Structure formats: C-alpha cells, structure tokens
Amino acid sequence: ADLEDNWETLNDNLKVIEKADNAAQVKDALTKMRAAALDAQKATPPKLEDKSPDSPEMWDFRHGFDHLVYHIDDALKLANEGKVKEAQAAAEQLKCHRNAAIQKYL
C-alpha cells in the first residue's frame, strides 16, 4: 500500500494495456489501476502526516487521485464497449494524471 508500490502497480498495468489485444485484457488492468489509485490516496506522505484533512495540502493530495480515478473510470466505460483502441488511447493519457497525482510526493 506504499505510494511507491502503488505507482509501480499503475505503471505495470499501463504496460499491460499498451500490449493488450482485446478489451477484456484492458478492462482487468484498468480495474487494478483504480484500486491502486484509491490505495495510493490513503498513503499520506510522511511530510504531510500531521496536516489537517481540511488543509489545502491534503486537498491537493487527495484530489490528484480523485482525478486519476475519474479518467480510469472513463477508460473503463470504453473498455466496456469493446472499444480496445479507444480505451488504450485513454489509458495513455492517464500517465499525465498519474504524474500529477504522485510524482511530487515521491
């Protein structure tokens, strides 16, 4: 449930999606990404541990993962229409959201 472990999980599943041939392979990888994003959202960084939940610092941290989840869910909508190619392009765009949610807290 480490933040770094959740980042690894997200990158593992993005690779699976880029290699995928069918929408079910993509769907399963996106499902795992959503779980990893929600687990990451719980992994408050040591430097923010003492911050109030209502603090702007924690608002930013939490909501980076909310945003990643929103678009994982949009990519799921595509995988659930058998649109393998469209869901793969949506997945590629998740890298930017992943970076925005996690990179500055590593």
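A residue's number is simply how far along the shown sequence it sits, counting from 1.
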(request) Could you check the entry and say whether 45-53 or 25-33 has the higher mean CA B-factor? (result) 45-53
(request) Select between 78-86 and 93-101 the stretch whose C-alpha atoms have the higher average B-factor in the entry. (result) 78-86
(message) Per the entry's values, where does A20 land by CA temperature factor relative to the rest of its chain, in the lowest, middle or highest third?
(response) highest
(request) Determine, from the deposited record, the chain-internal third of the Cα B-factor for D39: lowest, middle or highest. (result) highest
